[PDB]
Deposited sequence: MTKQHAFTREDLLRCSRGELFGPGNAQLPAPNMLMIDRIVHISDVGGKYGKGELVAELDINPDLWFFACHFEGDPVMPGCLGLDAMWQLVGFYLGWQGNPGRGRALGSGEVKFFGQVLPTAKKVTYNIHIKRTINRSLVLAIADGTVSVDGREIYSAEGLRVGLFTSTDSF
């Protein structure tokens, strides 16, 4: 609840279990980590007054997923932008000090109506916490934007912690 932004090094520390400590929420390490920094996190405000995350991923043409997805037609997998939103909701639950390992539990409607090309500069994630329930889980809405343009929406993202 004290720290409201996180550098890449903080997120890498998180991925090693060294931010929330052993048995608690971990981000993936590269190459599954789909966030470079958390610009903002809070447990108040946002769309529902239950908190907000703003996070960023820098794009360059050499990110691994461009070469294989697809050959001659590079586009950041939609599933990985979706996963960034699950990664962030899991981070939020750990950041609130809850114990346990994070799992995505699913979502309501997901829409992909644009793409991240290797010519893009920056992807921004906006997460609005809707509800937490203490079987500890969070429900959230999320958007993915590239260089100012909204391209994905997700309603009812669900993440749980397992102890």
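- Missing C-alpha coordinates mark the following deposited-sequence intervals, in order: 1, 136-137, 167-171.
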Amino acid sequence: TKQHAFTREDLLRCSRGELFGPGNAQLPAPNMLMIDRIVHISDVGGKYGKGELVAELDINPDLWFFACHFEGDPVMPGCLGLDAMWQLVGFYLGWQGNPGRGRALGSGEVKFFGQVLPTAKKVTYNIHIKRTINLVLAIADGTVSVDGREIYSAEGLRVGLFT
From here on, numbers count along this sequence of modelled residues.
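- Of the two stretches examined, 143-151 and 16-24, the record assigns the greater average C-alpha temperature factor to 16-24.
- Averaged over CA atoms, B-factors in the entry run higher in 54-62 than in the other of 54-62 and 104-112.
- Of all the options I129, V123, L135, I41, the entry's greatest CA B-factor is assigned to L135.
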